[PDB]
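Each of two forms of one protein chain follows alone as structure tokens, named structure 1 and structure 2.
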Structure 1
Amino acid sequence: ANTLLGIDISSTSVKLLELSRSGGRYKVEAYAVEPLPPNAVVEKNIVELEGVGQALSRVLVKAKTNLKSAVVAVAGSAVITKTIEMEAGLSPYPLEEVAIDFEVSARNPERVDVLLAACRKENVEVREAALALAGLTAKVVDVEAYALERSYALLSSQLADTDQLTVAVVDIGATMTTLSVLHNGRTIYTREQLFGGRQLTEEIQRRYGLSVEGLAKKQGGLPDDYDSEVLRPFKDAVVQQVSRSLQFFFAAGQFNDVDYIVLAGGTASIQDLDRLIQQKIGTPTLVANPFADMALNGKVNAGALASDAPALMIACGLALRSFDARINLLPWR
């Protein structure tokens, strides 16, 4: 009966999500999004440990949750995910500094397929330390790619049956944008690039003489030229980026097109951004909403949650580890 907190640590904010399940129905018990100070996390690598710790503490109070066990994930250039084939029934740094986990051929039953995930131990230990500063304990250290898979299964209502489709998921962060293509529920392609919503926010800073503290993108209050000479060129830049990413996937595999394009991240909520992408690609594009078929707790604002929904895809997938191919990069004890 012990559930785990889904905690997504990005470059600009900490996202928490608590899930519960009863009678085959998921339920959002608690959630909160706490902003991180600048340069506290760079490219999903924790730089300022104390800063992340205090943000984790505040996101616990803001979410009003009493849980102390959490699921976190690692990502970046220090994280590897592969699929290796080897004989059945066997008995970045020197392995001594690498955290390794494995999980058990389709064509041939003489050999065996094994999923492999690895990273430097430092990336695990620091995240354990960050949780410790908030009084939290890591039960599962996962990989963001697999977390995206679990949250993707919750999008069957928004799409048919996700187990038969080829869907390109575009997670647009602030500094990083990730294209993940899922075939029949499993990831077959992944490509991260240095591009995100920071390009838009900074443009609003230098042109209208505003500070970094982002607020104008949500509430508004910008002059009438913003829609034409600022937001539109940025949306076109996002379109070109997504278009370029898809062309790389098509040239890498046997696929020439995808069935759907799912947008994730905070930047995915921009008005008609899904339409501009759908216009260019010619493929049905929708904003991710993993809370469509879920019940809701009383202390959770339905409106605020709906706005943050596509940005909570990673945090949602991490929280789904509370209920039973799974990876844990934590050392066995």
Structure 2
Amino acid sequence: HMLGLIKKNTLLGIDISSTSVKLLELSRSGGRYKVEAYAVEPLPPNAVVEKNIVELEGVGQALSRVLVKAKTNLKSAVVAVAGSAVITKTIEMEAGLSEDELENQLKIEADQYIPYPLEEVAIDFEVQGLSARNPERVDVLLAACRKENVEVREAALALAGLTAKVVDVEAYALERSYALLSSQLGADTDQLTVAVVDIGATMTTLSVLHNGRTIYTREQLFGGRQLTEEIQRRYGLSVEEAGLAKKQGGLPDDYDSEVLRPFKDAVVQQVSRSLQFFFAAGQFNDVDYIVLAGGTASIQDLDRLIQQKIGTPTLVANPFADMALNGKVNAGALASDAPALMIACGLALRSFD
């Protein structure tokens, strides 16, 4: 029950988004972490719309291919749902109950506290401690989402021969990987108020963290796909080619002047406005750092541009800066893909919780 007579582990960090699937495997010896494997597999179009999986078979195939590229034997994974699909409430329950009695009361009365219909609820709970109002009672934390969100991921992973050991929340994954960034920035958490800007292909999310803890969160429909869509149109290229054009280069001379710079400015506008909301909605007046995450954060000197326009220290996220690397992992490819792997990193970090 309590025996640690055996010394034991790790779980695959699998980030499923609208456009791709990212896999990351970590290990640790003593204090410091090491990257055992990573890979990225693009998704078929419309396989995932917004945050919703639709082509269940499509995601499965991608997960199968991402395992082959990653070359890992691990079959357990941490996946995440969006925080927007999670309802969190604190309620009072009677103290002195077993876990079963506790689960019965919650399963029965879930609908009383959460908007979702009883049959569709997937609820996680945690006893916080004795209630301050009445010592005869305890405060219990509730977090619930529609069961369908969990079940589609189970089914998707199962097709690739993987299992979802933990269903996480994206915001939590971000925190765990942010905590590793400390070195790069400060280092110390030091009440560092940091704006993490995740610029995905279709979605951009601002998350402000105080001393390692998420506070503000908001999301705009801004993304790197708009850059891709512009590259497609000007040069007559498919979505596949446009994405490749951004990293590979090769596009003619007018690209920087006509396409990339206007997109960069749009990125700056989006970041600026997003940051305005946060200062307005709290006691915080400024942030110590801005951290750029997502694939679009790899755009050359995007950090410098944001830095000059806003006046706030801005850097591209690299959680793997102080990490050891497996010989199978290419340092160049990982470094170029580092900001897009913040979620995948945080998911893998759940293994060490």
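Definition used throughout: the rigid core is the maximal C-alpha set that superposes within 1.5 Å between two forms. Every residue number counts along structure 1's sequence, beginning with 1.
Practice prompt. Superpose on the rigid core and name the single residue from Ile84, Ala153, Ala129, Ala237 whose Cα moves by 2 angstroms or more between structures 1 and 2.
Written response: Between the two forms, the residue that moves is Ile84.
Worksheet item: Once everything's superposed on the core, is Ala252 shifted 2 Å or more at the Cα between structures 1 and 2?
Response: False for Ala252: its C-alpha shift is below 2 Å.
Practice prompt. Spell out whether the Cα of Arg207 moves at least 2 Å between structures 1 and 2 when the two forms are superposed on their rigid core.
Written response: The answer is no, as the C-alpha of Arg207 shifts between structures 1 and 2 by less than 2 Å after core alignment.
Discussion item. Tell me whether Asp113 is among the residues that move between structures 1 and 2 (Cα shift of 2 angstroms or more, core superposed).
Written reply: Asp113 C-alpha, core-superposed: shift of 2 Å or more.
Discussion item. Superpose the two forms on the rigid core and tell me the Cα shift of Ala306 between structures 1 and 2 in angstrom.
Written reply: Its C-alpha moves by 0.5 Å once the cores are overlaid.
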